[PDB]
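Trainee: Handing you this structure, nothing more for now.
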Ligand SMILES: Cc1cc2nc3c(=O)[nH]c(=O)nc-3n(C[C@H](O)[C@H](O)[C@H](O)COP(=O)(O)O)c2cc1C
Ligand code: SF4
Ligand code: SF4
Ligand code: SF4
Ligand code: SF4
Ligand code: FES
Ligand code: FES
């Protein structure tokens, strides 16, 4: 368990694992992670904008 | 007292026995007081 | 234009102060120098909501289907 | 972690099944703890000196 | 001091032959002209002096309960509600007191008409009873045509007419607010009892809800002597209550036995299954379904009374016997009773609609035995949480018997749990 | 299901009382005009007795005749157990399964009725004559088993006797208040 | 002149006759956790969460139901009142899906704020969880009835104030569905308020859907134009 590089995982059968809760945005102490949420026109609630700037973020 | 169940009248009853008696019980019945309104909702 | 965030030039914007009294908040605004437009506190009105009104006979306030 | 899940975030195997744990996981993030009002002071001995947290 | 065997002078007698003309020959409507002529102070005062306990599955005394619905001055006309629907499974008082002798219940509506000050009387029968409803309506048709109910009732100014209203297969006609709401037109859900009781709002009227067995005692106290119903039984509990012997028995029969009768002699008088309390594993219920199961150690010594049974941690209210055999499973039987409460819970209070329904799913695991030994100790706390915080008393009725699985039992529960866990794993 | 209302023709065909409409007026006459919505339960019971298996439009027509909102009438019908709205049957066989009957052998009567008729547990017969349902309690707990059919229930029935009553029901309806012993005590 | 002196935790407060226990507690500054009660809507004792124990009484009464009479010492922080709130909260969340990430309501949720403060830290729950088939009410209001706690507040809203009469309880026990039985497309005036009436994430705005969480958006007060009342 090591932290250094930000990468978002997905399910074994495709499909983006992230849900756009903005939970990770609120906990973020640097306020680095920016998130805009939208419905994907097919019921599921997922992401549109997802910028985690490395100018900020203290890992 | 006789050793026989005297409830044979209940066996010979059709689908319209409670609804048929209720229409028959219209005579000798006091009118119910309303005093409220024609339509509450 | 750098990315997607909404950046603002205005510095004094992202601050929320706390006050105990309306007279203290007005005095602090005059002390800072900035002009203030005070709004009156909208207190919730006491409405007599009784359970007995739900089962009314003369009144039309009778609740239908629970 | 602290036995009370009202302060310590619940375990990952525990939070994914029961409702109470996931709410506590949702509320210990975004919101803090809701701390009792007042002022505390601690100074645990540093090799350099004192970390006098106020 | 002790309870008399069956009693030769009993309140209920109609079982062999009675229709309409036979009621006058048996001993009904004899002093109806004298009782109606007497004032409300003489009618309600006689009921208060006798001290007749509540025949329904509540335990509340009738003497104080009828006094609230006296009504000195009111705008809305007062009504009388008689809940004749069948209560807890085991209690068969509704099928016997209505189908065999309907005029005994009809006499209570006339006796309680001038006493409570009712303009109109309602007799609420369950939807399952249609053969009983046909007999009840025909007796009401003979009563109205004769000239004893409606306009001029036994030579009195008070005019009260009885009307039969059929339900639709619902257990939620039990509570006083529940039976009132069911006749009101809205869904069968009970109103909040603390702010507006029965005497405050029932079909937009100050009314009083009473059981069919409790309504049958009113002409028995009026026509016959008040001391006759008061002396038989105990000091606190008074009046002959019909206790139906059912369950695992060779000859199941409903008997009109006197109050404060011993349970060992009650099974012997009706002829039980294996034994009165020796051969078969005694787990007999003192009530219909609401009361917790009584152990083999405390059964012969305990008496079936309205007040005395509650002191022995098994409050009998529904007044019915449900005996269990040694061969039959104790855990599987009560789990079906909880499943009965799952189907018959109305769905208002969240500790009942999401409580009892959750209680049944945990209890289903106990039958198969796929539960931890700690789960027995936990379930006792959940049952305590349900009992205190509900609108109606169905939340109580689904909490008492499951507590009876914790008390006196538990070696029966642990042996079912340990053997099934070892076999599967 | 107790919420889903499909459009497989229960919304358009409607049923009305031709001569029983006068009986419905007498049923509304029993309860006072002040809050006249009390007649919603006995009128629906008369509608279900006139025609078994209640459609959506009949509930709307009962609400229109009683001047009540259609949502209040639909919620009342869905709440009670006695009303049949999803399956259709000539004689709905409802057997008791509660503990006062289960301890005195009710599962033996339930297994014998399932084998003889053809129904599994809740599904209706392909001939559309019998519909099996696990009822909570019939009322009369004095008899050890209890089974209800259409209007009258058969008390104290042996596994062979209950099968004989089901076989006879196909040709001629038998009354039978208790085909075992006396009505009062044994 | 029509005033009753009563005690909230032993503190004197003067109230009008006819007022509820919760109304008396609002006067001193106390706020009992609630789900059915609303300032504008009627009174129903459905959820039984607003339980508050008054001394010298065997059973705990709800703040919704009881009107305040003479001489009551309402104890908010007693041993039984805390156990009552912790109990019912476990019942409310036993049959409620793990949907907080996919839920349209975030920090604004009434179940979240109350269960953290008043409810227990951990649940005894092992097996169960009911699932409810969702009904398409309208294009303006998204409806996921799985999350509904059957509180009966929207049903009272549509009947007493909106005056449309479409929502209603159907079934008994766990199997109780809130909504229209006939699958009717519910569209009327004040229908954009039923999303705010519902304390949980059962009723939500379909045009808004998913954009921001309550804590993320900065609130600003304004008078609404294109309306007569303003
Ligand atoms: C689970 C349960 C079921 C009940 N069922 C009935 C019933 O079917 N009929 C009835 O008259 N009373 C029933 N009662 C008793 C009620 O409390 C009733 O409204 C009232 O107290 C009867 O008053 P009485 O005993 O003075 O006649 C039931 C009580 C409980 C707890
Ligand atoms: S928004 Fe953040 S917390 Fe939510 S799923 Fe995506 S990465 Fe995880
Ligand atoms: S205790 Fe259960 S049955 Fe009684 S009112 Fe509450 S939810 Fe309904
Ligand atoms: S209603 Fe509240 S507790 Fe339930 S899933 Fe939504 S946010 Fe979570
Ligand atoms: S949808 Fe919301 S307001 Fe309506 S009953 Fe359910 S929880 Fe209450
Ligand atoms: S329990 Fe079977 S008839 Fe009542
Ligand atoms: S908020 Fe008072 S009972 Fe639900």
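The residues of chain G that appear here are 29-258 by Swiss-Prot count, in order.
Determined via electron microscopy, 4.1 Å.
Each Cβ is built from the backbone N, Cα and C atoms, and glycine gets one as well.
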Trainee: Which single residue out of G:92, G:128 does Swiss-Prot record at the [2Fe-2S] cluster site shared with G:64, G:75, G:78?
Mentor: G:92
Trainee: Record says G:176, G:179, G:182 bind [4Fe-4S] cluster 2. Source is Swiss-Prot. Which of G:131, G:226 does it list for that same site?
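Mentor: The one candidate that Swiss-Prot places in that [4Fe-4S] cluster 2 site: G:226.
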Trainee: Of the residues G:53, G:137, only one is listed by Swiss-Prot in the [4Fe-4S] cluster 1 site with G:124, G:128, G:131. Which is it?
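Mentor: So, going by the record in Swiss-Prot, that would be G:137.
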Trainee: Taking only the recorded positions G:78, G:84, G:128, G:131, which have a CB closer than 6 angstroms to any atom that belongs to ligand 5?
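Mentor: None, as no Cβ falls under 6 Å.
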Trainee: Under 8 Å, Cβ to Cβ, against chain E: pull out the ones among the binding-site residues G:78, G:128, G:176, G:182 that qualify, in sequence order.
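Mentor: Among the binding-site residues G:78, G:128, G:176, G:182, not one has a Cβ sitting under 8 Å from a Cβ of chain E.
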Trainee: Among G:64, G:75, G:78, G:84, G:92, these being the recorded positions, pick the one whose CA is nearest to that of residue G:182 ([4Fe-4S] cluster 2 binding site).
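Mentor: Out of the listed candidates, the nearest Cα belongs to G:64.
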Trainee: For [2Fe-2S] cluster, what surrounds G:64, G:75, G:78, G:92 with a Cβ no more than 8 Å from their Cβ centroid?
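Mentor: Same chain, not in G:64, G:75, G:78, G:92, Cβ within 8 Å: G:62, G:63, G:65, G:72, G:73, G:74, G:76, G:77, G:90, G:91, G:179.
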Trainee: What is the Cβ neighbour count of residue G:226 ([4Fe-4S] cluster 2 binding site) at a 10 Å cut-off, with all protein chains included?
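Mentor: Step by step: centre on the Cβ of residue G:226 ([4Fe-4S] cluster 2 binding site), count other Cβ atoms within 10 Å, giving 23.
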Trainee: Using a Cβ-Cβ cut-off below 8 Å, which of the binding-site residues G:78, G:92, G:124, G:131, G:182 are near chain C?
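Mentor: In terms of proximity to chain C, the binding-site residues that count are G:92, given in sequence order.
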Trainee: Counting each residue once, how many in the domain '2Fe-2S ferredoxin-type' (G:30-108) are helix, strand and coil under DSSP?
Mentor: 10 helix, 21 strand, 48 coil
Trainee: With a CB cutoff of 8 A to chain D, go through the binding-site residues G:75, G:78, G:92, G:124, G:128, G:226 and name the hits, or write none.
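Mentor: Among the binding-site residues G:75, G:78, G:92, G:124, G:128, G:226, the ones whose Cβ sits under 8 Å from a Cβ of chain D are G:124, G:128.
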Trainee: Return the residue, from the listed recorded positions G:84, G:124, with the maximum count of other C-beta atoms within 10 angstroms of its C-beta.
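Mentor: Going through G:84, G:124 one by one, the largest Cβ count within 10 Å is at G:124.
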Trainee: Cβ within 8 angstroms of the Cβ centroid of G:176, G:179, G:182, G:226: which residues besides those meet this for the [4Fe-4S] cluster 2 site?
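Mentor: What remains near the Cβ centre is G:177, G:178, G:180, G:181, G:183, G:206, G:225, G:227, G:228, G:230, G:231.
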